[PDB]
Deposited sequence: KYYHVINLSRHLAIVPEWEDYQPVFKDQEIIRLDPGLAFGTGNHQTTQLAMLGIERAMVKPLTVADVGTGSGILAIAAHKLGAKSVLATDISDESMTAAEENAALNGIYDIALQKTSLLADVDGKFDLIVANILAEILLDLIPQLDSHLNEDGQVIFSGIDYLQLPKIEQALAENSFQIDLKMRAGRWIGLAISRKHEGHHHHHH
């Protein structure tokens, strides 16, 4: 373990480290490796999408939050609100504890599969999860997305992209930005316009 530089404005650091970034305004996100949850490439793709999308405070749902990394980054980047969801107790623990390590106590957490039983709508839905689960998320997006709502997917293997692209088209979503690092794909998504 050491510092994972994601961008000019984001680095990830293990909780024990005493790290001073050369850029004083580069945000440092502390994570506890002893807790559950990831993939550095897919995290970076999702983060670049969030950096692109967050031109004003947006309401955010981070689906399949795992360690909470993306929910935490969204909060630091000025989200209007953040809901983080996952299926496991240990994700709920990791997200809360990792948030707290970064001095954040107001990220809302819900133990739930995808967006089942999530009442509100959001400006930004973010999901770094495997493509077969994304396929189940796609038909849920519309009813949980504000008008002008945007979506960021990551964790897509390149071989899975046709199936993702077809399901997005079928649900009237377009891809504004496609990113590929190694075999991994990230997408910035909005309603067909």
Deposited residues without C-alpha coordinates, grouped into stretches that follow sequence order: 1-2, 40-41, 198-205
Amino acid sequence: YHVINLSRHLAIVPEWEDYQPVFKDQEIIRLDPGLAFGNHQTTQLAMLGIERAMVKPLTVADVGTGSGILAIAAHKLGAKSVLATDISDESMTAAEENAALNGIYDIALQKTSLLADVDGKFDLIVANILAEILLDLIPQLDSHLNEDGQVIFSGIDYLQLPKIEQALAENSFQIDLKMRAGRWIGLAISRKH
From here on, numbers count along this sequence of modelled residues.
Higher average CA B factor in the deposited record is what I'm after, so tell me if that's 156-164 or 57-65. 156-164
Between 113-121 and 95-103, which has the larger average Cα B-factor in the PDB entry? 113-121
Maximum C-alpha temperature factor, selected from 151, 35, 137, 50: 35
Highest-ranked of 87, 72, 84, 79 once sorted by CA temperature factor in the record: 87
Lowest, middle or highest third: where is residue 143 by C-alpha B factor in its chain? highest
Please place residue 26 in the lowest, middle or highest third of its chain according to the CA B-factor in the PDB entry. highest
Which third, lowest, middle or highest, does the CA B-factor of residue 3 fall in along this chain? highest
For residue 175, return the chain-relative third of its C-alpha B-factor as stated in the PDB record: lowest, middle or highest. middle
Per the entry's values, where does residue 41 land by CA temperature factor relative to the rest of its chain, in the lowest, middle or highest third? middle
